[PDB]
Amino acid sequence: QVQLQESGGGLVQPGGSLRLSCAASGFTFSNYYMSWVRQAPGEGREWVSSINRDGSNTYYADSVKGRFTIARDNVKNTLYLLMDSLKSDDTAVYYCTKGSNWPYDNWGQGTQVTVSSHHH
């Protein structure tokens, strides 16, 4: 029973920062690439970043390169996405997934990230 549970999303203003976490359970987290995939309103699910098994190699979509950092804790079996300099076009549900390519073996449910100057 693989389980992926994202958290840490929410409302922030353009340029702000967020730290997304993804708790993994039900498999040997250490032996799999992990990825983040996002879906903006009215669009399709789009790959964001991937991290190899021990975290020594990272991969980023060019739209988030230099602003997001992917990382993992193989002892606690948790994946992270550290988001700096957030933009309005970063608004989306962010999904934790198991594996490096589509179709990913498992998906989390996603946590909502809303980057906006007009909410409160």
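Throughout, we count residues from 1 along the sequence that is shown.
A.B. asks: If you average the CA temperature factors over each stretch, which comes out higher, 88 to 96 or 25 to 33?
C.D. replies: Result: 25 to 33.
A.B. asks: Among the candidates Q39, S50, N74, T69, give the one with the maximum CA B-factor reported in the record.
C.D. replies: So the option with the highest C-alpha B-factor is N74.
A.B. asks: State the tercile, meaning the lowest, middle or highest third, of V113 with respect to the CA B-factors recorded for its chain.
C.D. replies: As the PDB entry reports it, the C-alpha B-factor of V113 lands in the lowest third of its chain.
A.B. asks: Which third, lowest, middle or highest, does the C-alpha temperature factor of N101 belong to within its own chain?
C.D. replies: According to the entry, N101 has a C-alpha B-factor in the chain's highest third.
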